[PDB]
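First, one chain by itself: the form deposited in one PDB entry, in structure tokens.
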């Protein structure tokens, strides 16, 4: 599926923007941190699906209603924002 359509449909848009921080981090900032680190895509994909806490602040990202192929698609698209 298309990452831009997923970003809207799966509710990501409610907590994230690409350039500014809303509830979670800006995607440009995420892409910058995980730069070109080996294995980052799989690691972000897991956090998109099962949740995250502590990396960008004290508040959690709740687990998302996405499948594994959807999380990989989204992780790859977030990293391309750098």
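Shifts are known only where both forms have a C-alpha. Here the rigid core means the biggest group of C-alpha atoms that line up within 1.5 Å when the two forms are laid on top of each other. Positions refer to the first chain, counted from 1.
Separately, the form deposited in another entry exists; it is not shown, and the next lines address it.
If you fit the rigid core between this form and the one not shown, you'll see the Cα of residue 12 move by 2 angstroms or more. Put simply, residue 19 and residue 22 come closer in that other deposited form: their C-alpha atoms are 3 Å or more nearer than in the form shown.
After superposition on the rigid core, residues whose Cα atoms move by 2 Å or more in a run of at least three fall only at 1-21 between this form and the one not shown.
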